[PDB]
Amino acid sequence: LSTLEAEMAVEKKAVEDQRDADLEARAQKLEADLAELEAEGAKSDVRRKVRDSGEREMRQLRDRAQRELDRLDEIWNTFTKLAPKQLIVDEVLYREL
């Protein structure tokens, strides 16, 4: 249980580091690309539509990564608390186990 808990946290951390690296890069792309639009023929409403599409895209990026974290925690919890008579209806989670 010690070695597996470690590996599981390392793998779970690798997803956290990957998420933080992508959201920062996407945010930088927003700053740089939004600066071009604000410095060149800028208008109030259009820039808001570009940043809204930027915020919405960033939201989806964090949601996806959080889904994997939720899936990972669902996998580690099921193994530690596992016992006979337990029923697994996911079938993809069972394949992962």
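Conventions and cut-offs
- Residues numbered from 1 in each chain as written, not as in the entry; some residues may be left out.
- Part of a larger assembly, values for the part shown.
- Heavy atoms only, no water.
- Residues with missing side-chain atoms left out of burial classes, pairs and counts.
- Axes fitted to C-alpha atoms, helices over the stretch in contact; angles between N-to-C directions.
- Helix = DSSP H or I, 4+ residues; strand = E, 2+ residues; numbered from the N terminus.
- Parallel < 35°, antiparallel > 145°, perpendicular 65-115°, else oblique.
- Patch = residues over 30% accessible without salt bridge, like charges linked within 9 Å, V, L, I, M, F, W, Y side chains within 5 Å.
- Areas by Shrake-Rupley, 256 points an atom, 1.4 Å probe, with all protein chains shown as cover.
- Salt bridge = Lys/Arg side-chain N within 4 Å of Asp/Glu carboxyl O.
- Buried < 20%, exposed > 50% of the residue type's maximum accessible area, 1.4 Å probe, protein only.
- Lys, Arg positive; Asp, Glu negative; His and termini not counted.
- Contact = heavy atoms within 4.5 Å.

Its PDB record attributes the structure to X-ray crystallography, giving the resolution as 3.196 Å.

With the PDB entry as reference, the chain is termed DNA-directed RNA polymerase subunit beta', source organism Mycobacterium smegmatis. As recorded in the PDB, the entry bears the title "Structure of Mycobacterium smegmatis transcription initiation complex with a full transcription bubble".

1. Thoughts on the packing of helix 1 (residues 2-39) against helix 2 (residues 44-80)
One can describe the packing of helix 1 onto helix 2 by two numbers: an axis separation of 10 Å at closest approach and a directional angle of 180 degrees. Accordingly, the angle class assigned to the pair helix 1 and helix 2 is roughly antiparallel.

2. Brief notes about a nonpolar patch on the surface
Taken together, the side chains of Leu1, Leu4, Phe79 and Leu97 present a nonpolar region at the surface, about 370 Å² in accessible area. Take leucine 4: it is sitting in helix 1.

3. Regarding the environment of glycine 41
Mapped onto the secondary structure, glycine 41 falls in the loop between helix 1 and helix 2. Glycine 41 sits in the exposed class, given a relative accessible area of 77%. Sequence-wise, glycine 41 and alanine 6 are 35 residues apart; in three dimensions their C-alpha atoms are separated by 53 Å.

4. Notes on the side chain of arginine 47
Summarising the element assignment, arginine 47 is placed in helix 2. No salt bridge is formed by the buried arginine 47. Its closest oppositely charged neighbour is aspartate 45, at 9.6 Å. When neighbours within four sequence positions are excluded, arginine 47 is seen to be in contact with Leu37, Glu38 and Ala42.

5. Here's the deal with unusual backbone geometry
Backbone geometry at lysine 85 places phi at a positive 80 degrees, although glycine is not the residue there. Take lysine 85: it is sitting in the loop between helix 2 and helix 3 (92-96). Backbone geometry at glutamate 91 places phi at a positive 80 degrees, although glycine is not the residue there. In this fold, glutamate 91 is placed in the loop between helix 2 and helix 3. What makes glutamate 91 exposed here is its relative accessible area of 59%.

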